[PDB]
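S.K.: Task: produce atomic coordinates for the following.
(one chain, ligands or ions: 2)
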Amino acid sequence: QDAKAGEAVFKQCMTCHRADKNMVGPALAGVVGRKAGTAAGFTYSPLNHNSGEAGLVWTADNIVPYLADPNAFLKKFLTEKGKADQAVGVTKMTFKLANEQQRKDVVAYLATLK
Ligand code: HEC
Ligand SMILES: [N]
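M.R.: Numbering: from 1, shown residues only. Ligands and ions are numbered 1, 2, ... in the order given. Structure as follows:
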């Protein structure tokens, strides 16, 4: 949860994301503490959208595991809500970051965007 170390990790994330505009992925400023799937202007996959509508909020403790396996995390979330029938299919332009500390750190960095 070292935000400054997270800035470096975020350079990897900038392959697809920016803070303040949509790109391959949605803009991330304000993502921490927000309902999943609700960055203005971005067209989410059914899986990323459906998870937010089922009550997924991007708290730090949700973003950190998500970043290791977006499809698995989202499906697990929906399945535990008894909504496995909304979890069919996969996310867009899927990226996985295995390193746990890098995930923790970049999530602290995301909180600095707003
Ligand atoms: C392109 C290959 C990506 C890289 C590298 C990273 N992300 Fe990403 N992210 C990408 C897309 C296309 C999407 C939307 C997927 C969909 O199916 O709609 C996302 C989504 C996120 C989210 C969820 C945002 C929301 O508003 O619900 C988060 C929190 C996120 N991405 C963060 C993130 C970070 C911190 C990354 C670097 C470690 C990163 N992503 C890389 C595409 C890509
Ligand atoms: N992502």
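S.K.: Can you give me the buried ones in the host helix or strand of residue 63?
M.R.: Per DSSP states H and E: residue 63 is located in helix 60-68. Using 16 or more other Cβ atoms under 10 Å as the test for burial, helix 60-68 gives 62, 63, 64, 66, 67. C-beta coordinates here come from the backbone N, C-alpha and C atoms, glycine included.
S.K.: which one of those residues sits closest to residue 89?
M.R.: residue 66 (16.5 Å; Cβ to Cβ).
S.K.: Report the contact partners of the closest one.
M.R.: 58, 73, 74 (Cβ atoms under 8 Å, 6 or more residues apart in numbering).
S.K.: rerun at 10 Å
M.R.: Neighbouring residues of residue 66 by Cβ atoms under 10 Å, 6 or more residues apart in numbering: 36, 48, 51, 56, 58, 72-74, 76-77, 91, 96-97, 103, 107.
S.K.: Buried ones among those residues?
M.R.: Judged by 16+ other Cβ under 10 Å, buried ones among the contacts of residue 66: 36, 48, 51, 56, 58, 73-74, 76-77, 91, 97, 103, 107.
S.K.: And the residue of the chain found nearest ligand 2, how close does it get to residue 66?
M.R.: Here the residue of the chain nearest ligand 2 is residue 95; by Cβ to the nearest ligand atom that distance is 4.9 Å. Residue 95 is 11 Å from residue 66, where distance means Cβ to Cβ, to the nearest Å.
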